[PDB]
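For reference, the chain that follows is the form deposited in one PDB entry, supplied as structure tokens.
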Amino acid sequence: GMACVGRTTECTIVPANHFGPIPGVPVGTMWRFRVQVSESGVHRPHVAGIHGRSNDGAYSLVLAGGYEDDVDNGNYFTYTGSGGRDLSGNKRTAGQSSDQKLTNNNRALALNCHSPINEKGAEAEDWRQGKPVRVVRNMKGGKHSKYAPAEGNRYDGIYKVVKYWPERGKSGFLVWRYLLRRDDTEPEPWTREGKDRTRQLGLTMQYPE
């Protein structure tokens, strides 16, 4: 029975709208379930792929399979916006049935790219100067990405939005697409250096209390 559980605690360490790493939660951290990832402060939303405010930016996101148009390339990846979906019947997921829009989190994520928001898409010159995004990789990502962890969720660090643009997805409907490049001072956790570090810090899968 994790399908309906809520949080026990919460991150206060830093606020809901903190951009960047949660201090002393290092790259390689593991959580069995999404609720634990919320409690860490690394990705507050329970279910949603993106955490963001549409007038400020996106703080984090999760690569979980979920969306056929995501492409995961490790040190970079193309992420899909949310929405364009009929969730009637109190559903949480479905295949695309309408065009996505530059609103809400899709818009939030756009704001992270170092370039004025633009309805047709934009790219950053100094991408590194755009706002940071904490990236979490989940195991359901592994049907198609070889970077996804075997089990649960993993903090892989800060990436940044190099570019964003709209185009039709596999479904035929418009999707918002986001190129993210890693900008983190610490090794990727699927790397030997990262695996040593994970071990060297005693990181282990965090299961529910």
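In this text, the rigid core denotes the largest set of C-alpha atoms whose superposition between the two forms falls within 1.5 Å. Sequential numbering from 1, following the sequence displayed.
The discussion below concerns the form deposited in another entry, not included here.
Notebook entry, point to check: Comparing between this form and the one not shown on the rigid core, is the C-alpha shift at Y159 2 Å or larger?
Noted result: It does not reach a 2 Å shift.
Check: Superposing on the rigid core, does the Cα of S54 end up 2 Å or more away between this form and the one not shown?
Finding: Shift of 2 Å or more: no.
Notebook entry, point to check: Taking the rigid core as the frame, does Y147 move its C-alpha by 2 Å or more between this form and the one not shown?
Noted result: Superposed on the core, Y147 moves its C-alpha less than 2 Å between this form and the one not shown.
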